[PDB]
Amino acid sequence: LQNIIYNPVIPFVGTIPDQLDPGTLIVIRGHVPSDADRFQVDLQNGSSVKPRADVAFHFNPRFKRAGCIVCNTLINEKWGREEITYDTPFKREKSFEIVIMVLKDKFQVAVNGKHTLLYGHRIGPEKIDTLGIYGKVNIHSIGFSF
Ligand SMILES: *O[C@H]1[C@@H](O)[C@@H](CO)O[C@@H](O[C@H]2[C@H](O)[C@@H](O)[C@H](O)O[C@@H]2CO)[C@@H]1O
């Protein structure tokens, strides 16, 4: 892996070091703290806060009750239609590895070595230049393969 970021402070907002062409991997290794209610990994168009930057792909594990992963897109400061995956691998106090693979038509995401979900593109992935990680999460490394 390339352009590896170690132990970033959260919230993390960083420029992705190359375009997200088909076959690109984003690999994120981390841990969920015991007090976590949710965290998110956002692939964004820029880093503006006011107005809020468009989020092509919001990947949002939530830990209340049996948990879930909520995926969505933010356009013009407005959330679209949620795609919720209830078969969630994440747990409070457990370590994880997320692999986001960018394909022509969709994102393909594996967690802890097992296929987890697909998310069809809503914003062209060529519009993505920024990776954001927010919420209650401990990140050990972020790595890229272009
Ligand atoms: O932070 C926001 C983000 O996670 C979006 C993703 O769609 O969800 C927002 O919360 C939703 C919530 O998921 C839904 O159940 C409720 O009816 O609407 C909320 C506001 O859009 C998060 O605020």
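All of the points below concern the structure found in this document. (Residues numbered from 1 in each chain as written, not as in the entry; some residues may be left out. Heavy atoms only, no water.)

**Points about the site of the ligand**
Then, in step 1: Residues in close proximity to the ligand include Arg38, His58, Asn60, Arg62, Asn72, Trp79 and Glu82, which together make up its full environment.
Then, in step 2: In this structure, an oxygen atom belonging to the ligand sits 3.1 Å away from a side-chain N or O atom of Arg38.
Then, in step 3: Within the side chain of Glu82, an N or O atom sits 2.6 Å from an oxygen atom of the ligand.
Then, in step 4: Contact with the protein chains removes 50% of the 480 Å² of surface that the ligand exposes when unbound.
Then, in step 5: With three residues, strand 5 (residues 54-62) is the largest single contributor of residues to the shell around the ligand.
Then, in step 6: Here the residues of the shell around the ligand are counted per class, giving one nonpolar, three polar and three charged. (Near = heavy atom within 4 Å. Polar contact = N/O pair within 3.5 Å; in protein donor to acceptor, adjacent residues only side chain to side chain. Areas by Shrake-Rupley, 256 points an atom, 1.4 Å probe, with all protein chains shown as cover. Helix = DSSP H or I, 4+ residues; strand = E, 2+ residues; numbered from the N terminus. Nonpolar A, V, L, I, M, F, W, Y, C, P; charged D, E, K, R; others polar.)

**Notes on the sheet that holds strand 1 (residues 2-6)**
Backbone-to-backbone hydrogen bonds join strands into a sheet, with any given pair of strands oriented parallel or antiparallel.
Then, in step 1: Spatially, six strands are ordered 1-13-3-9-10-11 in an open sheet, and the strand pairing comes out antiparallel. At either end of the open sheet lies a strand with only one pairing partner, and these are strand 1 and strand 11 (114-120). Strand-to-strand, the axes of this sheet are offset by a mean angle of 15 degrees, without reference to chain direction.
Then, in step 2: When strand 3 (residues 25-31) meets strand 13 (residues 138-145), the two strands line up antiparallel, connected through seven bridges. When the sheet's bridge partners are listed, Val27 is paired in strand 13 with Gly143. (Pairing = 2+ DSSP bridges. Axes fitted to C-alpha atoms, helices over the stretch in contact; angles between N-to-C directions.)

**Digging into the environment of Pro51**
Then, in step 1: Topologically, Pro51 is positioned in the loop between strand 4 (39-45) and strand 5.
Then, in step 2: Taking the C-alpha atoms as reference points, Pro51 and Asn76, 25 residues apart in sequence, are found 8.1 Å from one another.

**Focus on the side chain of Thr88**
Then, in step 1: With respect to the element layout, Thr88 can be found in the loop between strand 8 (83-85) and strand 9 (95-102).
Then, in step 2: With relative accessibility at 17%, the residue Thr88 sits in the buried group.
Then, in step 3: A polar contact is formed between the side chain of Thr88 and the backbone nitrogen of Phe90, at a distance of 3.3 Å.
Then, in step 4: For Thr88, the contacting residues outside a window of four places in its chain are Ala66, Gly67, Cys68 and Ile69. (Buried < 20%, exposed > 50% of the residue type's maximum accessible area, 1.4 Å probe, protein only. Contact = heavy atoms within 4.5 Å.)

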